[PDB]
Amino acid sequence: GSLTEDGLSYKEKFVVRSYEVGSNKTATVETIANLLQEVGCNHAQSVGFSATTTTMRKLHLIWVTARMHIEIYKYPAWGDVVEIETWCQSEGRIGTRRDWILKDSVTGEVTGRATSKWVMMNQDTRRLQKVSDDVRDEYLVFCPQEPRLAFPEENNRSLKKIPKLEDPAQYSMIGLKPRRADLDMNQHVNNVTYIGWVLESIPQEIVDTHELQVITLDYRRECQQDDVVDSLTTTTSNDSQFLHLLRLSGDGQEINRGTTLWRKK
Amino acid sequence: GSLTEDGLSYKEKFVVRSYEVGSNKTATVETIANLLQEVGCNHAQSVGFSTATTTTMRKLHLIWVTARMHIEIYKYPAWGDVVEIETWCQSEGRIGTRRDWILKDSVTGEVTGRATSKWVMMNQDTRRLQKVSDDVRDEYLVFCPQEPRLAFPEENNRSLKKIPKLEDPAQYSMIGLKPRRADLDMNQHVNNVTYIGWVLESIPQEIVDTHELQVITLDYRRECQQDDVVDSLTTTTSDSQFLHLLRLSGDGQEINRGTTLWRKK
Ligand SMILES: C[C@@H]1CCCN(C(=O)c2cscn2)CC1
Ligand SMILES: C[C@@H]1CCCN(C(=O)c2cscn2)CC1
């Protein structure tokens, strides 16, 4: 991959692997989410990061995902090449937004797009804090100055408020535990695992007859390596919509909430 | 990737991704196992095996199934490094075929790991393993070297050693392991790599933090269904050596058995 001519965004091509596809022989949404993560890490490394600054490392601060929103029009087939362009933009003292565009390497048509909201947090106390002006100036130079939104729409699904699922849930997957493959290089559960856990409560009948078009996932609390999670889903609707909730198997503490939108094959 | 000059083996280069590495920022053994699988699929596709079945095998409802996997790693590739893998097949008479791999450093050319696997023929409906017929053997002998080519040539080595059954009580255990949709392949079967991850779940974190996995030999006895639950058992048999057993959470039916060998960091 490489930064674009203006150095304000990054592009990378990926060939879809055998183990990355589903029953329809096309890449899963979790594989897509992993590819978004990979191009985001490479963009950060290319502009002198390792996504902490010296001021963030000095104050023990980190970037944490608050929301992820993915919309897929066409999933790449096994063996196809997909090009992803990614970039960041400041949103004032709230935090930063990171967006992506997925394109067909042969046709150049847009086959998917994503947006995510990130907030600053103290690594040790887990206390969120607004972005200080001194931290902002350090990365503003790597972002475009004019707004550049993967989801410009006058009123888009990426910024909709998500409500809390009411018991009893219509569908459920109980006793989900992460394994070592679910952890990152810092022994924390990978943000993609939550996507897989959310989708575990969707009935296989929906999975066999429908394709996932949209998914918006709010991140509320981290799941520890030794925690157990319950995945809950309720239908809220040619198109199927679901409301999701991830919570701790025991006390029922909320870790995630989201919505998915599926269309008929 | 591409077939070598003689068309008797295949090579492919992989860049190590951010989500593919462990706590010491070097690729996991499951990532290595996935890369072995990917280069094996590409080798099969390049010599005329469509979405590793032949026209005669398709006609008779026959498939290739792994019986044993043996991986030895000297140096795990770091995040961002390129690793080149060369793979090939060889017939072993009526028993079945063997598939071997050599892992090399793209910069130095030194061997950083090597693997071998034994495959047998099985009816995909009855699960009855059969010997390699004759009309089938001749159909693929032309894609394998005629003189022996072994990733593990040593006379009386670890790849061919007999594995015993773990005796209760196990010293360590991880119970209630269930596969999720990401653990399944394009045919809704549990991926052979998931078993490696499940075996390693019962290894104490103390071993994982102080040691590196050098060797792993895994026998495949029975498939784990999408709705099955597995228990992972381990006992120290000693460098550190362990004896492993995967079995069904309920009745205690054997699905896998193996051994690992770990070196101090
Ligand atoms: C271009 C970009 C500048 C902003 C920070 N960054 C990130 O990737 C990031 C995503 S969420 C918070 N930090 C590194 C590189
Ligand atoms: C070169 C090779 C030769 C025949 C078998 N094969 C495999 O991929 C295979 C079978 S069992 C493990 N590997 C297809 C192509």
Side-chain angles (χ1 to χ4, degrees), chain A residues 1 12 14-31 33-42 44-45 50 77-79 173-188 190-193 195-200 202 204 207-208 225-226 228 231, chain B residues 1 12 14-31 33-42 44-45 51 78-80 174-189 191-194 196-201 203 205 208-209 226-227 229 232:
Chain A
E12 193 173 351
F14 298 99
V15 169
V16 185
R17 302 181 176 163
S18 48
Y19 61 96
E20 295 183 315
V21 309
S23 47
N24 326 101
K25 301 165 199 171
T26 66
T28 55
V29 80
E30 297 185 68
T31 284
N34 274 324
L35 297 198
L36 296 180
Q37 187 165 246
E38 174 68 355
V39 75
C41 285
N42 292 332
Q45 184 186 339
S50 53
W78 156 40
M173 173 57 60
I174 297 319
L176 296 168
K177 311 193 300 209
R179 52 178 179 100
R180 295 207 191 88
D182 296 306
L183 314 174
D184 54 42
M185 51 178 119
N186 308 119
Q187 304 183 251
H188 292 279
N190 190 299
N191 302 312
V192 174
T193 309
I195 294 173
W197 285 341
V198 162
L199 302 171
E200 269 314 282
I202 293 277
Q204 192 70 46
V207 177
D208 297 347
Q225 194 183 141
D226 62 339
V228 188
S231 180
Chain B
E12 193 173 351
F14 299 99
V15 169
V16 185
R17 303 180 175 163
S18 50
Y19 61 96
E20 295 183 315
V21 307
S23 62
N24 59 91
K25 299 165 193 184
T26 66
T28 55
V29 79
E30 297 185 67
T31 285
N34 274 323
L35 297 197
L36 295 180
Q37 187 166 244
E38 173 69 354
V39 75
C41 286
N42 292 332
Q45 186 185 339
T51 74
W79 156 40
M174 173 56 61
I175 76 168
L177 296 168
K178 311 192 300 206
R180 51 177 179 101
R181 295 210 189 90
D183 296 306
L184 314 174
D185 54 42
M186 50 178 107
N187 309 119
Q188 306 186 260
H189 292 280
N191 191 127
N192 302 312
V193 174
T194 309
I196 294 173
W198 285 342
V199 162
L200 301 171
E201 270 313 282
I203 293 277
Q205 192 70 46
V208 177
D209 296 349
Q226 193 183 141
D227 62 340
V229 188
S232 180

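The sequence lines fix the lettering, A, B, ..., with proteins before strands; numbering per chain opens at 1.
- Taking chain A as the reference chain and counting heavy-atom pairs below 4.5 Å, the highest number among B:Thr28, B:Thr51, B:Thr26 is found for B:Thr51.
- For the atom pair B:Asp185 CG and A:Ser18 OG, the distance stands at 9.5 Å (nearest 0.5 Å).
- Contacts of B:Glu201 with chain A are made by both backbone and side-chain atoms, with heavy-atom separations under 4.5 Å.
- Heavy-atom distances place both the backbone and the side chain of A:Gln204 under 4.5 Å from chain B.
- When heavy atoms are compared at a cutoff of 4.5 Å, A:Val207 approaches chain B solely by way of its side chain, counted from C-beta outward.
- Every residue two or more places apart in sequence or in another chain that forms a side-chain contact (heavy atoms from CB on, under 4.5 Å) with A:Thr193 is listed here: A:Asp182, A:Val189, A:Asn190, A:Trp197, B:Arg180.
- Remark: A:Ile174 CD1 is packed, more than 12 non-hydrogen atoms of other residues, nucleotides or ligands lying under 6.0 Å away.
- Using a 4.5 Å cut-off between heavy atoms, B:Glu12 makes no contact with chain A at all.
- Ranked by heavy-atom pairs under 4.5 Å with chain B, the list A:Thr31, A:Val21, A:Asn34 is led by A:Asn34.
- For the set B:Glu30, B:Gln188, B:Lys178, B:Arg181, the entry with the most heavy-atom pairs within less than 4.5 Å of chain A is B:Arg181.
- For A:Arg17, the side-chain hydrogen bond (donor to acceptor under 3.5 Å, both in side chains) criterion is met by A:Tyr19, B:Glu20, not counting sequence neighbours.
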